[PDB]
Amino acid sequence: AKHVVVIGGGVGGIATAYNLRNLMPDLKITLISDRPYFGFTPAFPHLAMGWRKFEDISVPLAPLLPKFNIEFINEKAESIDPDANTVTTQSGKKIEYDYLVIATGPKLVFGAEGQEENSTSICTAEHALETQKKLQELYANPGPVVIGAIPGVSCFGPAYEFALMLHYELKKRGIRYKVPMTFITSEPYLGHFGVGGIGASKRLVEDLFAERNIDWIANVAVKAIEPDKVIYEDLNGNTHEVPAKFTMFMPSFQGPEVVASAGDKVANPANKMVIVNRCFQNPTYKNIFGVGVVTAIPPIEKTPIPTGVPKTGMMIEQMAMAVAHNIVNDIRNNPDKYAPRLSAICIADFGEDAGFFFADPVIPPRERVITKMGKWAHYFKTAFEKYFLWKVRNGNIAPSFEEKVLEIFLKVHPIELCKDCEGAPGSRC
């Protein structure tokens, strides 16, 4: 029985571990995670709004993973020795591996002066919770609201979802008229999402904001978040201020120190994310795989204010399906290799209703896109939450019917047989 160590107990890690397990019962699998729970991240904005209890959107891992014959180690992974094939945890426990899957997700950078002190974030359950405590003060004393993304940000979705969910909340409380709302993004235009748009997203989102009276400034670098104002800089280099009593800003992401310590064949020097090829396998150390946000994928377009590419839920689900297959195939001496399609369904919950975004694939050129908005989309996200948590709880992230439902509805094929894995992830075999 070969040994696969997975670092990181999130969407990517869980999915790779369950994929490997369901494809090969006679396989020793160890998962290492610094958090004792899997957290459902797409529900963090709602948690930040106080519309979710943490226990509803999390699954304790240590009592669960043994049920699927997976070893859970509840520590941080400190370093990787890819020559020795070894992972070292923080307490000093060394673990040998035959294959390694890195899935540590994003490491937050609050790159704006004062952002970490005077702003709020929704990227972790921990941050989402101290956001909730702060919104409490906004409702009590309605001042101006500023929301958005700093330079380097690569996950733009949640900030739109927060802006619009907050609008809804204030409007339910009959105080929206006491609260100006500005959205500031490093995107060249609204609805760029770090992907150069999804269909006519720029137009869909611009009307959404105009209809719901949400002022916006795009194509600018947010430099500072003071207790009382947000300072930013446009392409001429002049700085501007905007009054703000409450702010929520997306951090930019970088890779973790664990990856960094594997050397510059594994760790991308620029951002410390995991160097991978079309097959989400490391070029140099071919028993190392990266899955999820931590994977180094080049941007789709070099925008005037730096932006990066989002790794969304469905993309990662495909990454995990491809890496699991490629590991299994290597073990079984099958030369076949798979690249993930990297397509994305994306639902942005605006409170009462929601935006549906489908891009196939996400990195252009695209075969097709779907942009729709409705109440149905909001229910779909609540359903999907309930559904994903059940998958984590029942040992299968990729039940065969999900694949076929996605075929019938969207003509989506999650992974393809790759003829040549040498090349940037996202680039076409």
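So that there is no doubt, residue numbering starts at 1 and follows the sequence shown.
Of the two segments examined, 343-351 and 318-326, it is 343-351 that shows the higher average Cα temperature factor in the deposited entry. Look at the C-alpha B-factors of 412-420 and of 9-17. On average they run higher in 412-420. Between the residues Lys178, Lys286, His192, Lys93, it is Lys93 that shows the highest Cα B-factor in the PDB record. Among the modelled residues of its chain, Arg393 has a C-alpha B-factor that falls in the lowest third according to the deposited record. Among all modelled residues in this chain, the alpha-carbon of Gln115 has a temperature factor (C-alpha) in the highest third.
Among all modelled residues in its chain, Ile102 ranks in the lowest third by Cα B-factor.
Ranked against the other modelled residues of its chain, the C-alpha B-factor of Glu187 as given in the entry falls in the lowest third. Among all modelled residues in this chain, the alpha-carbon of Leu166 has a temperature factor (C-alpha) in the lowest third.
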